[PDB]
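Okay, so here's just one chain, in structure tokens, the form deposited in one PDB entry.
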């Protein structure tokens, strides 16, 4: 996965955004940016890659009650345990639409 640096140049980081000029297949280049805020996180002082999902390691997701997300998730030891999280913590109703905050 990755390896963008091998075929790009003039890369730069400003805040959380990476910008670089990269080679296209048919030749030529394109400059683009990517905001790393949603894929990298600070875990106790160390930058780590953020998981893009939890459905890959959790199963049987269910809505418990009116706002609880329940599921069986795998531990580091690869065993499934019961867990839940209150969606009311961060999911709000903004004028009729569900939004994270």
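Numbering follows the first chain given and starts at 1.
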query	finding
Which of 86-94 and 19-27 has higher mean CA B factor, as the PDB entry lists it	19-27
Mean C-alpha temperature factor, higher of 33-41 and 49-57	49-57
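Although it is not shown, the form deposited in another entry is what the next lines describe.
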property: Rigid-part membership shared by residue 50 and residue 73 between the shown form and the other one; result: no
property: Sense of the change in Cα distance from residue 42 to residue 78 in the other form - at least 3 Å versus the shown form; result: farther
property: Direction of Cα pair change residue 46-residue 82 in the other form, magnitude 3 angstroms or more; result: farther
